[PDB]
């Protein structure tokens, strides 16, 4: 029931809403679901499958204590330390919390509307390439246009990573972008 919201908005606007203002309100109503637009548990499943589950805390390559699916700090802010243990279900919940920076980034940077499956796939990509890369990205140019084609094709462009100091195609990244692109394309 958006009638109270629309009436409260009429007050702010002077009594009536223009057609453009109705369109801007309608965009806001989509963001007013409880806790805002978030990655779904299926989107978390999409992401976890590309990583290893560790039930015991361990030190990553740069020395940082890590648990679960790459978690270094628990939802309450406390750092993972030696001797920590987690279940699969805890590891999923920790990863969901670690994705919140990237959920927020997709919501902010994407100005056109999105289906939940498009959103989940975009969170997977941005988790893996970073906020800055996504923000500066030709993909975000084409997507902010309701072009769910040049954006979905731009997934496959992000299959490079560093080997011996240069970028080269990483087979695992090629597979992951194909799965993400297929997710973003679901009906």
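Residue numbers count along the first chain shown, from 1.
### Query
Going by the B-factors listed in the PDB entry, is the mean over the C-alpha atoms higher for 177-185 or for 3-11?
The stretch with the larger mean CA B-factor is 177-185.
### Task
Return whichever of 110-118 and 87-95 has the greater mean Cα B factor according to the PDB record.
Higher of the two, by average CA B-factor, is 110-118.
### Residue with maximal Cα B-factor (values as given in the PDB entry) among 62, 123, 129, 53
62 has the highest C-alpha B-factor of those listed.
### Query
Out of 44, 33, 28, 156, which shows the largest CA B-factor listed in the entry?
Comparing C-alpha B-factors across 44, 33, 28, 156, the maximum falls on 156.
### Query
residue 161's Cα B-factor: lowest, middle or highest third of the chain?
Bottom third by C-alpha B-factor.
### Query
So where's residue 68 on the chain's Cα temperature factor ranking, which third?
As the PDB entry reports it, the C-alpha B-factor of residue 68 lands in the lowest third of its chain.
### Message
Lowest, middle or highest third: which one holds residue 39 when the chain's residues are ordered by CA B-factor from the entry?
### Response
It belongs to the lowest third of the chain when residues are ordered by C-alpha B-factor.
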